[PDB]
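The next block is model_1.tsv, given as TSV, C-alpha atoms.
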```tsv
chain	number	residue	atom	x	y	z
N	1	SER	CA	76.80	184.21	255.31
N	2	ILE	CA	78.66	185.62	252.31
N	3	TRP	CA	76.64	188.72	253.17
N	4	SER	CA	78.76	189.02	256.32
N	5	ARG	CA	81.68	190.01	254.09
N	6	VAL	CA	79.79	193.10	252.89
N	7	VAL	CA	80.29	195.83	255.49
N	8	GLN	CA	79.74	199.60	255.81
N	9	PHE	CA	82.88	201.50	254.80
N	10	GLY	CA	83.38	205.25	254.37
N	11	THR	CA	80.49	206.70	252.39
N	12	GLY	CA	79.76	203.34	250.77
N	13	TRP	CA	80.52	199.68	251.42
N	14	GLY	CA	83.28	197.10	251.11
N	15	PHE	CA	83.80	193.37	250.71
N	16	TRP	CA	86.09	190.86	252.42
N	17	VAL	CA	87.56	188.73	249.64
N	18	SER	CA	89.46	186.87	252.35
N	19	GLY	CA	90.62	187.29	255.94
N	20	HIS	CA	93.38	189.59	254.73
N	21	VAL	CA	91.90	191.19	251.60
N	22	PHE	CA	89.25	193.92	251.70
N	23	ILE	CA	88.02	195.63	248.53
N	24	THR	CA	85.89	198.74	248.03
N	25	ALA	CA	85.10	201.61	245.69
N	26	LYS	CA	87.91	204.16	245.78
N	27	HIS	CA	85.49	207.09	245.69
N	28	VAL	CA	83.76	206.05	248.92
N	29	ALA	CA	86.78	205.05	251.01
N	30	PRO	CA	88.09	207.09	253.98
N	31	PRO	CA	91.00	209.48	253.19
N	32	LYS	CA	94.39	207.95	252.37
N	33	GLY	CA	96.08	207.21	255.70
N	34	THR	CA	92.99	206.70	257.85
N	35	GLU	CA	92.93	204.09	260.62
N	36	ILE	CA	90.43	201.37	259.68
N	37	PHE	CA	89.17	198.29	261.55
N	38	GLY	CA	91.45	199.26	264.43
N	39	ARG	CA	94.41	199.03	262.07
N	40	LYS	CA	96.74	201.85	261.03
N	41	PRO	CA	98.81	202.19	257.82
N	42	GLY	CA	101.80	199.86	258.03
N	43	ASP	CA	99.53	197.10	259.28
N	44	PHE	CA	98.02	197.17	255.79
N	45	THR	CA	99.12	198.02	252.26
N	46	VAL	CA	97.07	199.82	249.62
N	47	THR	CA	96.73	199.20	245.88
N	48	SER	CA	94.27	200.70	243.40
N	49	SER	CA	93.15	200.86	239.77
N	50	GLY	CA	90.52	203.37	238.70
N	51	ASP	CA	87.76	203.21	241.31
N	52	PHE	CA	88.86	199.83	242.64
N	53	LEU	CA	90.60	200.05	246.01
N	54	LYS	CA	92.28	197.05	247.63
N	55	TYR	CA	93.46	196.62	251.23
N	56	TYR	CA	95.85	193.85	252.24
N	57	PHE	CA	96.36	193.34	255.97
N	58	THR	CA	99.45	191.41	257.07
N	59	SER	CA	97.42	190.08	259.99
N	60	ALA	CA	93.95	188.60	259.52
N	61	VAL	CA	91.04	190.88	260.46
N	62	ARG	CA	88.37	188.31	259.66
N	63	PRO	CA	89.46	184.83	260.88
N	64	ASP	CA	86.09	183.19	260.23
N	65	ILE	CA	86.20	183.35	256.43
N	66	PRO	CA	88.16	181.47	253.70
N	67	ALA	CA	89.61	183.03	250.55
N	68	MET	CA	87.19	183.73	247.71
N	69	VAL	CA	88.56	183.85	244.17
N	70	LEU	CA	88.83	187.38	242.79
N	71	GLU	CA	88.76	187.83	239.02
N	72	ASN	CA	89.06	190.80	236.68
N	73	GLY	CA	85.45	191.03	235.53
N	74	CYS	CA	83.70	188.17	233.75
N	75	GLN	CA	82.40	186.92	230.39
N	76	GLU	CA	79.68	189.02	228.75
N	77	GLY	CA	76.20	187.56	229.20
N	78	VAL	CA	77.00	186.05	232.59
N	79	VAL	CA	74.29	186.92	235.11
N	80	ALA	CA	76.01	188.14	238.27
N	81	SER	CA	74.68	189.27	241.64
N	82	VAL	CA	75.35	192.66	243.21
N	83	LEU	CA	75.24	192.10	246.97
N	84	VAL	CA	73.60	195.37	248.02
N	85	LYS	CA	73.23	196.32	251.68
N	86	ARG	CA	71.42	199.30	253.19
N	87	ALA	CA	71.93	201.21	256.44
N	88	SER	CA	68.82	199.53	257.86
N	89	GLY	CA	70.55	196.18	257.39
N	90	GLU	CA	68.36	195.23	254.43
N	91	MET	CA	69.96	192.92	251.87
N	92	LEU	CA	69.18	193.11	248.16
N	93	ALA	CA	70.68	190.53	245.80
N	94	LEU	CA	70.30	192.24	242.43
N	95	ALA	CA	70.71	190.09	239.33
N	96	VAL	CA	72.87	191.87	236.77
N	97	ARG	CA	73.67	190.71	233.24
N	98	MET	CA	77.30	191.75	232.76
N	99	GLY	CA	78.23	193.20	229.38
N	100	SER	CA	80.78	195.45	227.69
N	101	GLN	CA	83.41	197.72	229.22
N	102	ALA	CA	82.80	201.48	229.37
N	103	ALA	CA	84.00	204.73	230.92
N	104	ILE	CA	82.19	207.09	233.29
N	105	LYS	CA	82.83	210.22	235.36
N	106	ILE	CA	82.31	209.80	239.10
N	107	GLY	CA	83.99	212.74	240.79
N	108	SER	CA	86.99	214.54	239.37
N	109	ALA	CA	88.00	211.40	237.47
N	110	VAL	CA	86.99	209.42	234.39
N	111	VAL	CA	86.94	205.80	235.54
N	112	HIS	CA	86.51	202.53	233.64
N	113	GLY	CA	84.70	199.29	234.43
N	114	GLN	CA	82.48	196.50	233.13
N	115	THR	CA	78.89	197.60	232.58
N	116	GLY	CA	75.87	195.51	233.50
N	117	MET	CA	72.14	195.46	232.84
N	118	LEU	CA	69.91	195.19	235.91
N	119	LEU	CA	67.52	192.28	235.46
N	120	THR	CA	63.89	192.90	236.35
N	121	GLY	CA	62.00	189.73	237.19
N	122	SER	CA	58.26	189.56	237.75
N	123	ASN	CA	57.69	190.95	241.25
N	124	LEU	CA	64.03	199.60	241.94
N	125	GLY	CA	67.77	199.20	241.46
N	126	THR	CA	70.69	200.84	243.23
N	127	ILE	CA	71.28	204.11	245.07
N	128	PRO	CA	74.50	206.09	245.47
N	129	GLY	CA	76.05	204.69	248.61
N	130	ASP	CA	75.49	201.17	247.37
N	131	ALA	CA	78.92	201.86	245.91
N	132	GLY	CA	81.58	199.42	247.07
N	133	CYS	CA	79.18	196.48	247.08
N	134	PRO	CA	80.58	193.35	245.38
N	135	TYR	CA	79.55	191.72	242.11
N	136	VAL	CA	79.51	187.96	242.68
N	137	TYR	CA	78.48	184.86	240.73
N	138	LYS	CA	78.84	181.09	240.99
N	139	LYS	CA	81.53	179.45	238.88
N	140	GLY	CA	80.05	175.96	238.89
N	141	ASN	CA	80.67	175.04	242.52
N	142	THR	CA	82.74	178.07	243.52
N	143	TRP	CA	81.80	181.67	244.35
N	144	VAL	CA	83.78	184.40	242.57
N	145	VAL	CA	83.80	188.16	243.14
N	146	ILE	CA	84.42	190.12	239.94
N	147	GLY	CA	84.34	193.72	241.14
N	148	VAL	CA	82.87	196.48	243.29
N	149	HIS	CA	79.84	198.66	242.55
N	150	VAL	CA	80.76	202.08	241.19
N	151	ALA	CA	77.47	203.69	240.18
N	152	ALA	CA	74.19	203.41	238.32
N	153	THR	CA	73.56	205.40	235.15
N	154	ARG	CA	70.84	208.01	234.67
N	155	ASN	CA	68.92	200.06	234.28
N	156	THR	CA	72.65	200.09	233.55
N	157	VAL	CA	75.27	199.77	236.29
N	158	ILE	CA	79.06	199.62	236.12
N	159	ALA	CA	81.55	197.76	238.30
N	160	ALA	CA	85.22	198.55	238.87
N	161	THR	CA	87.37	195.49	238.22
N	162	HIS	CA	90.94	194.61	239.20
N	163	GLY	CA	93.56	191.88	239.01
N	164	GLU	CA	96.19	190.46	236.69
N	165	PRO	CA	95.05	187.06	235.34
N	166	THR	CA	97.19	184.08	236.37
N	167	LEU	CA	97.73	183.16	232.73
N	168	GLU	CA	99.85	185.37	230.47
N	169	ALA	CA	100.18	185.08	226.69
N	170	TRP	CA	101.84	186.17	223.48
N	171	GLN	CA	103.36	189.14	221.69
N	172	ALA	CA	101.71	189.98	218.37
```
Spell out the structure here as structure tokens.
Amino acid sequence: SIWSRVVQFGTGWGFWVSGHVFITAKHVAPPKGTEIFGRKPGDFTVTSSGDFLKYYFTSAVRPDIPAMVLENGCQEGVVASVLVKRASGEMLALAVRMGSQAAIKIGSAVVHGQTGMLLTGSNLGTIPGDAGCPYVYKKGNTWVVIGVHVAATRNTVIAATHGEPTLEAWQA
């Protein structure tokens, strides 16, 4: 039912963080100024950082869902889940062990994000166009989304992250 937040968007996918917030990969989104979800610019604002694109609608587009916590990446070693969807409607929860930050070239830009190692169990990975799918993990009792899928390397993936932490500190 968290899978219902992951929806086809542009040439990739997107995720509903809340009823007002929709995040996706910048490199798969429709052109700047395109009417989406029956909403035109003015009904929503747009912010971005690297390949992370964030839509905020003044009116709720998804009433059925509560706000999920969005955080700028996560601790290294934490096993997250990339919620991958396909055109056929197939759902693939890929376990990814998040690691260090790195840079990569997607289109005409060099973008940054937190890398991750795809975990093979004992029983394929991502394709281009899985881009925009969310990286989620459970924080004790609470679900947290930490970023959107950017790309896979030539078992390493990388997710675009976003957000200014609530806590601020110090001036060395």
- Message: Between atom CA of residue N:86 and atom CA of residue N:133, what is the distance in Å, rounded to a tenth?
- Response: 10.3 Å
Counting only C-alpha atoms, which residues of stretch 32-133 of chain N fall within 6 Å of stretch 142-166 of chain N, and what is the closest atom pair for each with its distance in Å at one decimal, ordered by chain and rising number, as a Markdown table?
```
| residue | atom | partner | partner_atom | distance |
| --- | --- | --- | --- | --- |
| N:51 | CA | N:160 | CA | 5.8 |
| N:52 | CA | N:160 | CA | 5.4 |
| N:69 | CA | N:144 | CA | 5.1 |
| N:70 | CA | N:145 | CA | 5.1 |
| N:71 | CA | N:146 | CA | 5.0 |
| N:72 | CA | N:162 | CA | 4.9 |
| N:73 | CA | N:146 | CA | 4.6 |
| N:113 | CA | N:160 | CA | 4.5 |
| N:114 | CA | N:159 | CA | 5.4 |
| N:115 | CA | N:158 | CA | 4.1 |
| N:116 | CA | N:157 | CA | 5.1 |
| N:117 | CA | N:156 | CA | 4.7 |
| N:118 | CA | N:155 | CA | 5.2 |
| N:131 | CA | N:149 | CA | 4.7 |
| N:132 | CA | N:149 | CA | 4.9 |
| N:133 | CA | N:149 | CA | 5.1 |
```
Expected file: the selected residues, C-alpha atoms, as a PDB file, keeping the file's coordinate frame:
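Writing the result to part04.pdb gives the following:
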```pdb
ATOM      1  CA  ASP N  51      87.760 203.210 241.310  1.00  0.00           C
ATOM      2  CA  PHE N  52      88.860 199.830 242.640  1.00  0.00           C
ATOM      3  CA  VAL N  69      88.560 183.850 244.170  1.00  0.00           C
ATOM      4  CA  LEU N  70      88.830 187.380 242.790  1.00  0.00           C
ATOM      5  CA  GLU N  71      88.760 187.830 239.020  1.00  0.00           C
ATOM      6  CA  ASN N  72      89.060 190.800 236.680  1.00  0.00           C
ATOM      7  CA  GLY N  73      85.450 191.030 235.530  1.00  0.00           C
ATOM      8  CA  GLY N 113      84.700 199.290 234.430  1.00  0.00           C
ATOM      9  CA  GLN N 114      82.480 196.500 233.130  1.00  0.00           C
ATOM     10  CA  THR N 115      78.890 197.600 232.580  1.00  0.00           C
ATOM     11  CA  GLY N 116      75.870 195.510 233.500  1.00  0.00           C
ATOM     12  CA  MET N 117      72.140 195.460 232.840  1.00  0.00           C
ATOM     13  CA  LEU N 118      69.910 195.190 235.910  1.00  0.00           C
ATOM     14  CA  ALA N 131      78.920 201.860 245.910  1.00  0.00           C
ATOM     15  CA  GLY N 132      81.580 199.420 247.070  1.00  0.00           C
ATOM     16  CA  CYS N 133      79.180 196.480 247.080  1.00  0.00           C
TER      17      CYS N 133
END
```
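Between atom CA of residue N:78 and atom CA of residue N:8 there is a distance of 27.0 Å.
In this structure, atom CA of residue N:125 sits 17.1 Å away from atom CA of residue N:99.
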- Task: For stretch 33-45 of chain N, please output as an MDAnalysis selection string all residues within 8 Å (counting all atoms listed in the file; exclusion window: fewer than 3 positions along the same chain).
- Result: chainID N and resid 30 55:59 61
- Of N:63, N:134, N:19, N:77, the one sitting nearest residue N:92 when using only C-alpha atoms is N:134
- Message: What's around residue N:81 at 9 Å? Count only C-alpha atoms, leave out sequence neighbours fewer than 6 positions away in its own chain, and write the answer as a count of residues only.
- Response: 9
- Query: Smallest atom-to-atom distance to residue N:11: which of N:172, N:25, N:119, N:83, using only C-alpha atoms?
  - Reply: N:25
- In terms of the shortest atom-to-atom distance over all atoms listed in the file, which of N:169, N:16, N:50, N:31 is closest to residue N:103? N:50
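Of the residues listed (N:168, N:126, N:1, N:26), N:126 shows the shortest atom-to-atom separation from residue N:85; distances use only C-alpha atoms.
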- Query: Of the residues N:110, N:66, N:130, N:23, which is the one nearest to residue N:91, using only C-alpha atoms?
  - Reply: N:130
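Comparing the minimum interatomic distances between residue N:112 and each of N:28, N:10, N:49, N:138, counting all atoms listed in the file, we find that N:49 sits nearest.
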Would you mind exporting stretch 4-52 of chain N with C-alpha atoms, as a JSON list (two decimals), in the first residue's frame?
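Done, and the output landed in part_14.json:
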```
[["chain", "number", "residue", "atom", "x", "y", "z"],
["N", 4, "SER", "CA", 0.57, 2.97, -4.34],
["N", 5, "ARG", "CA", 2.76, 6.04, -3.85],
["N", 6, "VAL", "CA", 5.11, 4.88, -6.61],
["N", 7, "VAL", "CA", 3.59, 5.97, -9.93],
["N", 8, "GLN", "CA", 4.65, 6.26, -13.60],
["N", 9, "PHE", "CA", 6.00, 9.74, -14.32],
["N", 10, "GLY", "CA", 7.66, 11.06, -17.48],
["N", 11, "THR", "CA", 10.26, 8.57, -18.68],
["N", 12, "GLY", "CA", 10.66, 7.12, -15.20],
["N", 13, "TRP", "CA", 8.72, 7.05, -11.93],
["N", 14, "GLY", "CA", 7.88, 9.18, -8.91],
["N", 15, "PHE", "CA", 6.91, 8.87, -5.26],
["N", 16, "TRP", "CA", 4.25, 10.53, -3.12],
["N", 17, "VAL", "CA", 5.98, 11.51, 0.12],
["N", 18, "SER", "CA", 2.65, 12.95, 1.23],
["N", 19, "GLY", "CA", -0.65, 14.16, -0.20],
["N", 20, "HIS", "CA", 1.05, 17.36, -1.30],
["N", 21, "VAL", "CA", 4.65, 16.29, -1.94],
["N", 22, "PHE", "CA", 5.73, 14.30, -5.00],
["N", 23, "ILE", "CA", 9.38, 13.49, -5.68],
["N", 24, "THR", "CA", 11.11, 12.09, -8.76],
["N", 25, "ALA", "CA", 14.36, 11.97, -10.70],
["N", 26, "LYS", "CA", 14.93, 15.28, -12.48],
["N", 27, "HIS", "CA", 16.24, 13.56, -15.61],
["N", 28, "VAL", "CA", 13.00, 11.63, -16.18],
["N", 29, "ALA", "CA", 10.46, 14.35, -15.40],
["N", 30, "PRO", "CA", 8.29, 16.06, -18.05],
["N", 31, "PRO", "CA", 9.61, 19.43, -19.35],
["N", 32, "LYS", "CA", 9.56, 22.41, -16.97],
["N", 33, "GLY", "CA", 6.06, 23.88, -17.14],
["N", 34, "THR", "CA", 4.13, 20.74, -18.08],
["N", 35, "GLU", "CA", 0.64, 20.10, -16.71],
["N", 36, "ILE", "CA", 0.78, 17.06, -14.41],
["N", 37, "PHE", "CA", -1.94, 15.14, -12.53],
["N", 38, "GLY", "CA", -4.48, 17.58, -13.98],
["N", 39, "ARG", "CA", -2.60, 20.42, -12.32],
["N", 40, "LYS", "CA", -0.84, 23.32, -14.03],
["N", 41, "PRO", "CA", 2.10, 25.42, -12.77],
["N", 42, "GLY", "CA", 0.85, 27.82, -10.12],
["N", 43, "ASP", "CA", -1.09, 25.00, -8.51],
["N", 44, "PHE", "CA", 2.31, 23.55, -7.63],
["N", 45, "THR", "CA", 5.82, 24.83, -6.91],
["N", 46, "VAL", "CA", 9.08, 23.23, -8.03],
["N", 47, "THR", "CA", 12.38, 22.78, -6.20],
["N", 48, "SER", "CA", 15.43, 20.73, -7.18],
["N", 49, "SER", "CA", 18.96, 19.68, -6.26],
["N", 50, "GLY", "CA", 21.05, 17.67, -8.69],
["N", 51, "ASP", "CA", 18.79, 14.94, -10.05],
["N", 52, "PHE", "CA", 16.27, 15.25, -7.22]]
```
